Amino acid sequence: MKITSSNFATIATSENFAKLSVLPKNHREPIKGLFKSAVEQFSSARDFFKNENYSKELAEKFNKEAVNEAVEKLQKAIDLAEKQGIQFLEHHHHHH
């Protein structure tokens, strides 16, 4: 699947994370690492908005670049995982 800034949060779920548990430790730990790293970086990308010493311009720029790096990392983990036959869950709007 294609990770974007819009759909990140709806794909990087504990469910999709739990699917990684079938890979051998050799392949599983680095993928779990990229996944949890992207998620930590994504969920922190807006924190400069609340930092009073940062301008709105810089906080918006940083937010944008942190998200794009987290998206890149999640794409890397998903792509590594799909080559091993893992199929992640899409977001089905009518289920929420």
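A residue's number is simply how far along the shown sequence it sits, counting from 1. Rigid core: the largest C-alpha set superposing within 1.5 Å between the two forms.
Colleague: Aligning on the core, I want to see which stretch wanders more in 4 other deposited structures of this protein. Is it 58-66 or 33-41 by C-alpha RMS?
Modeller: When 58-66 and 33-41 are compared in 4 other deposited structures of this protein, 58-66 lies farther out.
Colleague: Out of 77-85 and 8-16, which shows the greater rigid core-aligned C-alpha deviation in 4 other deposited structures of this protein?
Modeller: Between 77-85 and 8-16, greater C-alpha deviation in 4 other deposited structures of this protein belongs to 77-85.
Colleague: Could you tell me which one of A18, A81, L74, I11 shows the highest CA temperature factor in the PDB record?
Modeller: Spelled out: the listed residue with the top C-alpha B-factor is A18.
Colleague: Per the entry's values, where does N53 land by CA temperature factor relative to the rest of its chain, in the lowest, middle or highest third?
Modeller: Highest third.
Colleague: Looking at the entry's B-factor column for C-alpha atoms only, identify whether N26 ranks in the lowest, middle or highest third of its chain.
Modeller: According to the entry, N26 has a C-alpha B-factor in the chain's highest third.
Colleague: Going by the recorded CA B-factors, say which third of the chain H95 sits in, lowest, middle or highest.
Modeller: Answer is lowest: the recorded C-alpha B-factor places it there.
Colleague: Comparing against every modelled residue in the chain, figure out the third that the C-alpha B-factor of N68 lands in (lowest, middle or highest).
Modeller: For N68, whose C-alpha B-factor we compare with every modelled residue in the chain, the answer is the middle third.
Colleague: Classify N7 as lowest, middle or highest third according to the C-alpha B-factor given in the PDB entry, relative to its own chain.
Modeller: Tercile = lowest for this residue's CA B-factor.
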